[PDB]
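**Q** Heads up: the sequence lines are chains B and K, in that order. Count the first sequence with the deposited numbering and you get residues 20 to 987, in order. Count the second sequence with the deposited numbering and you get residues 208 to 229, in order. Note that the Cβ used here is the ideal one computed from N, Cα and C, for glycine as well.
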Amino acid sequence: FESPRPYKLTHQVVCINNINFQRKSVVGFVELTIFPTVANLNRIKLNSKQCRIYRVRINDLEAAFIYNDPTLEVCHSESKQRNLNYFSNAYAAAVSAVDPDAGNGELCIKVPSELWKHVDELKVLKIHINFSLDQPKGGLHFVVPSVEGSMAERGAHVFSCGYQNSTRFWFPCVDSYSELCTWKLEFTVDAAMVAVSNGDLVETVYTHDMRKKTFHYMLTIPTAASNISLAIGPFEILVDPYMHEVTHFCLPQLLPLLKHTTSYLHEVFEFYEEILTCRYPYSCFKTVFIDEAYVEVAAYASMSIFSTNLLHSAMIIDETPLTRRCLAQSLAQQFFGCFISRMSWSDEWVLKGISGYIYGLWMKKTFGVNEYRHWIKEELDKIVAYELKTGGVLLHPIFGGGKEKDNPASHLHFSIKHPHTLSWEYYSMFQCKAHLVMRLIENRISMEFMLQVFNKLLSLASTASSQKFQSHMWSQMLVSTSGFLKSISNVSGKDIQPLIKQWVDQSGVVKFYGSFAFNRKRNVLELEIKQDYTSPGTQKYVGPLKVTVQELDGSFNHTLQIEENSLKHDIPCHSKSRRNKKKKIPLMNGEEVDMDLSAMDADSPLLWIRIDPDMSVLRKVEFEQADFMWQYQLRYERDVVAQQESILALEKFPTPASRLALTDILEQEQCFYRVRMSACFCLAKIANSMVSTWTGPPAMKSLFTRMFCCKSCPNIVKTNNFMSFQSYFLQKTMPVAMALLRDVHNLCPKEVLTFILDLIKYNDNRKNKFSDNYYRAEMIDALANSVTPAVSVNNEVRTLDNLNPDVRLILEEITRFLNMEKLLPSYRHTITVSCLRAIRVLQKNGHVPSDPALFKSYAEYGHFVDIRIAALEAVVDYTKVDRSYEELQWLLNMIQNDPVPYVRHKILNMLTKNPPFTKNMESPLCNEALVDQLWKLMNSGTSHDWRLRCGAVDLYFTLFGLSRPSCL
Amino acid sequence: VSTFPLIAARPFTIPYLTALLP
Numbered sequence: 020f021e022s023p024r025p026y027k028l029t030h031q032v033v034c035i036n037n038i039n040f041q042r043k044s045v046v047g048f049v050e051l052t053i054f055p056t057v058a059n060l061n062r063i064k065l066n067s068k069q070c071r072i073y074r075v076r077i078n079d080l081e082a083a084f085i086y087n088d089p090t091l092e093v094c095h096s097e098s099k100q101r102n103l104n105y106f107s108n109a110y111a112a113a114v115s116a117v118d119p120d121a122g123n124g125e126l127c128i129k130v131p132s133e134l135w136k137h138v139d140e141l142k143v144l145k146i147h148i149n150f151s152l153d154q155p156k157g158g159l160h161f162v163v164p165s166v167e168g169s170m171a172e173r174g175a176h177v178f179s180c181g182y183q184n185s186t187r188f189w190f191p192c193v194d195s196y197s198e199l200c201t202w203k204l205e206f207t208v209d210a211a212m213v214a215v216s217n218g219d220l221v222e223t224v225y226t227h228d229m230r231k232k233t234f235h236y237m238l239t240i241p242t243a244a245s246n247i248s249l250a251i252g253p254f255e256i257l258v259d260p261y262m263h264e265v266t267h268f269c270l271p272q273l274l275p276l277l278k279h280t281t282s283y284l285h286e287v288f289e290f291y292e293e294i295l296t297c298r299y300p301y302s303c304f305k306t307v308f309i310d311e312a313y314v315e316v317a318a319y320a321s322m323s324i325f326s327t328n329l330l331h332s333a334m335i336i337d338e339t340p341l342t343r344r345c346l347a348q349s350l351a352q353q354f355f356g357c358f359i360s361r362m363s364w365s366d367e368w369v370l371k372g373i374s375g376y377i378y379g380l381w382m383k384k385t386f387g388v389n390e391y392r393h394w395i396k397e398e399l400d401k402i403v404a405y406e407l408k409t410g411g412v413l414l415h416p417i418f419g420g421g422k423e424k425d426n427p428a429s430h431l432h433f434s435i436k437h438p439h440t441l442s443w444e445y446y447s448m449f450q451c452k453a454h455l456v457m458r459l460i461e462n463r464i465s466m467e468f469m470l471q472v473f474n475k476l477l478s479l480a481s482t483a484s485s486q487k488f489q490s491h492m493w494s495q496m497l498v499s500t501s502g503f504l505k506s507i508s509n510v511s512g513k514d515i516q517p518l519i520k521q522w523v524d525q526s527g528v529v530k531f532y533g534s535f536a537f538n539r540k541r542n543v544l545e546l547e548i549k550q551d552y553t554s555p556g557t558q559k560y561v562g563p564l565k566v567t568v569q570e571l572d573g574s575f576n577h578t579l580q581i582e583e584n585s586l587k588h589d590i591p592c593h594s595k596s597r598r599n600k601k602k603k604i605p606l607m608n609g610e611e612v613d614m615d616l617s618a619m620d621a622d623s624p625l626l627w628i629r630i631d632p633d634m635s636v637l638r639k640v641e642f643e644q645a646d647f648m649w650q651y652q653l654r655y656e657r658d659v660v661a662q663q664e665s666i667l668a669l670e671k672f673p674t675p676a677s678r679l680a681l682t683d684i685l686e687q688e689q690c691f692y693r694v695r696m697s698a699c700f701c702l703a704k705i706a707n708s709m710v711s712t713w714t715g716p717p718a719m720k721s722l723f724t725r726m727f728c729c730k731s732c733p734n735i736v737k738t739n740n741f742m743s744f745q746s747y748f749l750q751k752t753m754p755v756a757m758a759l760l761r762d763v764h765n766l767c768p769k770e771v772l773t774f775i776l777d778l779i780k781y782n783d784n785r786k787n788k789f790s791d792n793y794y795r796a797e798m799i800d801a802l803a804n805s806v807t808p809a810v811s812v813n814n815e816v817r818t819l820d821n822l823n824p825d826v827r828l829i830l831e832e833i834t835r836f837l838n839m840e841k842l843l844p845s846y847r848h849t850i851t852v853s854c855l856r857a858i859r860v861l862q863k864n865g866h867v868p869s870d871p872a873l874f875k876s877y878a879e880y881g882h883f884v885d886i887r888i889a890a891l892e893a894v895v896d897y898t899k900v901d902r903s904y905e906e907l908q909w910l911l912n913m914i915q916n917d918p919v920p921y922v923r924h925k926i927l928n929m930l931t932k933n934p935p936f937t938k939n940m941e942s943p944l945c946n947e948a949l950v951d952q953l954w955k956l957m958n959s960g961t962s963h964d965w966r967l968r969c970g971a972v973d974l975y976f977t978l979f980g981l982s983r984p985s986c987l
Numbered sequence: 208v209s210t211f212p213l214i215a216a217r218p219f220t221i222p223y224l225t226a227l228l229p
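1) Measure the beta-carbon distance from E311 of chain B to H160 of chain B and round it to whole angstroms, keeping in mind my assumption that it falls under 8 Å.
2) Going by other Cβ atoms of all chains shown within 10 Å of its Cβ, with 16 needed for buried, is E289 of chain B buried or exposed?
3) So with Cβ pairs under 7 Å, would you call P591 of chain B a contact of chain K?
4) Ends of the alpha helix (DSSP H) at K142 of chain B?
5) For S374 of chain B and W522 of chain B, I'd like the C-alpha separation in whole angstroms.
6) Less than 8 Å between the CB atoms is what I'm expecting for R76 of chain B and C127 of chain B, so what's the real figure, rounded?
7) Please give me, in chain order, every unbroken run of the beta strand (DSSP E) with length at least 3 that falls completely inside the stretch 793-850 of chain B.
8) For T207 of chain B, does the count of other Cβ atoms within 10 angstroms reach 16, so buried, or fall short, so exposed?
9) Count the other CB atoms, across all protein chains shown, that sit within 10 Å of the CB of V221 of chain B; report buried if there are 16 or more and exposed otherwise.
10) State the Cα-Cα distance for the pair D120 of chain B and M362 of chain B, rounded to the nearest angstrom.
11) Roughly how many whole angstroms lie between the Cα atoms of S179 of chain B and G970 of chain B?
12) Can you give me, in chain order, the residues of the stretch 300-317 of chain B that have a beta carbon less than 7 Å from any beta carbon in chain K?
13) Starting from the beta carbon of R847 of chain B, find every residue of chain K whose beta carbon is closer than 8 Å, and list them in chain order.
14) For the beta strand (DSSP E) holding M322 of chain B, just list the boundary residues, first then last.
15) Check whether chain K comes within 7 Å of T851 of chain B, counting only Cβ atoms and requiring the distance to be less than that.
16) In angstroms, rounded to a whole number, what distance separates the CA positions of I146 of chain B and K156 of chain B?
17) Please list, in chain order, the residues of the stretch 776-806 of chain B that have any C-beta partner in chain K closer than 9 Å.
18) For the pair the stretch 346-353 of chain B and the stretch 319-336 of chain B, tell me if three or more CB-CB distances fall below 8 Å.
19) Three or more C-beta pairs under 8 Å: does that hold for the stretch 71-90 of chain B against the stretch 212-229 of chain B?
20) With a threshold of 7 Å between beta-carbons, can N123 of chain B be considered close to chain K, or not?
21) What residues are listed by DSSP as bridge partners for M237 of chain B?
22) Ignore the nearest five residues each way along the sequence and tell me which others in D896 of chain B's own chain have a CB closer than 6 Å to its CB.
23) Which word fits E467 of chain B, buried or exposed, when buried means at least 16 other C-beta atoms lie within 10 angstroms of its C-beta?
24) So, is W713 of chain B buried or exposed, given that buried needs 16 or more other C-beta atoms within 10 angstroms?
25) Which value, in whole angstroms, describes the spacing of the CA atoms of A718 of chain B and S811 of chain B?
26) Ordered along the chain, which non-local residues of its own chain (more than five positions away) have a Cβ less than 7 Å from that of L837 of chain B?
27) Assuming contact is defined by CB atoms lying nearer than 7 Å, are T682 of chain B and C701 of chain B in contact in what I supplied?
28) In whole angstroms, what is the alpha-carbon distance linking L479 of chain B and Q495 of chain B?
29) Starting from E255 of chain B, follow its DSSP beta bridges and name the residues at the other end.
30) With a cut-off of 8 Å, do at least 3 Cβ pairs link the stretch 99-118 of chain B to the stretch 45-53 of chain B?
31) In angstroms with no decimal places, state the Cα-to-Cα distance between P920 of chain B and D964 of chain B.
32) The beta strand (DSSP E) with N509 of chain B in it runs from where to where?
33) Within the stretch 851-900 of chain B, note down every full alpha helix (DSSP H) run reaching 4 residues or more, in order along the chain.
34) Which residue comes first and which comes last in the beta strand (DSSP E) that contains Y975 of chain B?
35) Pair every Cβ in the stretch 584-598 of chain B with every Cβ in the stretch 569-576 of chain B, then say whether three or more of these pairs are closer than 8 Å.
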């Protein structure tokens, strides 16, 4: 109910002063107003790192000072137990001891006996701490362009990105969540550079009248400490006119990009207050764009600060989803970092659950309900893929208290009480399972009842906030899992605790071997299907559910399920649909018009099998039908889920020409965008099986012929095929699938190669007002998908033939596009990213030799994030395939030494995803000194961020995981 | 020098004002 934490807190005043750009330091004093709880509270603990305190003071009395860092290395630096398990357990216990959720110590000021007698008299105190941040090595960021003479004034900015508990790294506090406080914030800033944090503009004139300004932001609204961040430097734009109080802060020469970017946000506010039945529960809302991003999502109190990658300036069409997608994320996680709050790390999952569900509801009534279901399919793809890679993602209410583990989910790391042990794969699937558990709450409880629940939560939050700090009656904003469950059961009490003990408290992905049997094939038994499941390693036995069957022309049959899963079950049978030449359309689904006796329609009243088409269960369903039923699903079905799962099932085995015909019929209608992308991939995989069975034409030429008429297109489609984004996505996708069309003689895509060359010839001027960039990028990706691995028979790598014959033309085109984007550049060098992927594929086919020096020169510092991340993916795969130890040493040294966090994040991420030095396959000899240097990089040099040593924990998961590394 | 003399990397100070300019 209540927090197990003494020393309640009310007020805190920050005052940043003397912020430097040359020695790059910060000095400041912080002010805490504290009501202690119990007597003999002598060793009062706060917590921070990289903070040299100048002095501490309580009412003109400098007391004692304790400053420890057990977040650093093991207490013996040469602890020979250099394995995963001992380091994981010792680090979990050590950083739990860093956490003040016990009698612990990181910053323990000792109360003297005089002030102890004062605590015996009055438990009301004030804390004044003068301190100084150095050159910030994990707590702030000083983005400075390398000029330093004049453009350090105009062109640089100062901010703080970080994780949830990164407030420790910036200014000293408690465990930085779950301390409902109020703040006064004093900012010694430049006259041009504007400081952006929480609260309100409560005292701002040209302040202190000497040379600079000083900002007073007061946060009276009670939040936690894990919401404060200070962006200094950008320029003010009000993009108000619809709701009059939305403020934005961005760097100069980026301002009409904001004038296009911000709008449609008022619609998101309108829909969120249709959901919540309130107002926006603040004064105003702030947004800062910045050329760095620890997290792309990041959402704080009345303020969203994230990357200058999401502008999307009116011509750059393929961020039409992404921009307001990330804005919806940075409003939802905003709303649930503001008021509703966890009591512990194990109690969080409700928050990001309801936030992801709220921006999913936003994705419902803004764009693409079928794309919304496709996003749910991508969520299931992510969850099934990761929890078949690794174990489950469990949502604990249960602790390991009493030095206990209780962790079957400890295949790698600790998960119960602590954030900074987890991986971003685990964190992403935490959010993904939060999405789908909220969809299970949809599946058992009505949406209107959820609106009632959420209105009750925000009613208790807004009533408990903005008051005179009611003593002992103020922690109602801690709305964690237990009381939230009680509120749901008060609204509608059902079997939601079985839903918890299934999906919240048993982290398992469930496959489904629902074996199709065929009764009423003029049979004695009537329409029966067997249920079966067993697949251990990561399995789960889920019982009572329902099953959806569509008839030929008839009812949605729904059938119960049972536990003890060696089962046989029935169907609420259709009539005997006989004389079906007369029974043409007896109401299939409304007024849909379809006629085929082409199936096995002698004695078959069934068409399709389905288990929960609204996608309740974390599922991977495996079964078999007749192939005619699968192909008849792809002429029309009212589920994009059914369409793309039949697309996968018909990507596996078949090759008739009627499949190609029905695929081309499905691709020429108004059905869906990405269904046709994966259907062109069906055409690719099936025409790859047309080596000896080349019955049709060379495919997908007639699809460009019969669908696109500019001026009737005399054999060639050239100009101005836009303003219909169906054709935009389709022309973006299809030549990539055309480049896969291969029959095995030399795989011979020569007509397709020349056709793609002719398409690259025929680009448009400014008649298209749509910045023809991604079309070029995916055609270069089709050139990358022109993999020809079998040219170098003996030695043709090293400028022998000036290698021949079409590879040289592809080199000409990628040279042209690289130098055009060196001269033109149009939007982020995305063409250069596709070209570098093409150059790596050519290095993987032995045409351009395996040399990292181009990728080395594009992994340098002063480039864009995407260029650098593509070159780093390239050099990670280079270290995987080739035996380059020296570039791995440089890669680890740049993991140690660079100021950008996200490139380190993604180096570690896709170094874990694409590993060299593979466990129990050790030919390049990691045992020599690489185990030692990786152990050092886990211990030392990684006190900057938590996630970098989390990625290093992922590295030792991949590299020599549950054993000694076979050194000694 | 004859066939494919690709332009080497510049890397310069401020990437976001250049690579995000219409």
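**A** Result, derived from the coordinates:
1) 6 Å
2) exposed
3) no
4) No alpha helix (DSSP H) contains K142 of chain B, which DSSP labels as neither H nor E.
5) 18 Å
6) That pair is no contact at about 16 Å.
7) none
8) buried
9) exposed
10) 11 Å
11) 21 Å
12) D310
13) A226 and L227
14) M322 to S326
15) no
16) 26 Å
17) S790
18) yes
19) no
20) no
21) B:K203 and B:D219
22) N933
23) exposed
24) exposed
25) 28 Å
26) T851 and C854
27) yes
28) 7 Å
29) B:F268
30) no
31) 8 Å
32) Run containing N509 of chain B: none in the beta strand (DSSP E); it sits in the alpha helix (DSSP H), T500 to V510.
33) 872-876 and 884-900
34) It is not in any beta strand (DSSP E) - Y975 of chain B instead sits in the alpha helix (DSSP H) that spans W965 to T977.
35) yes
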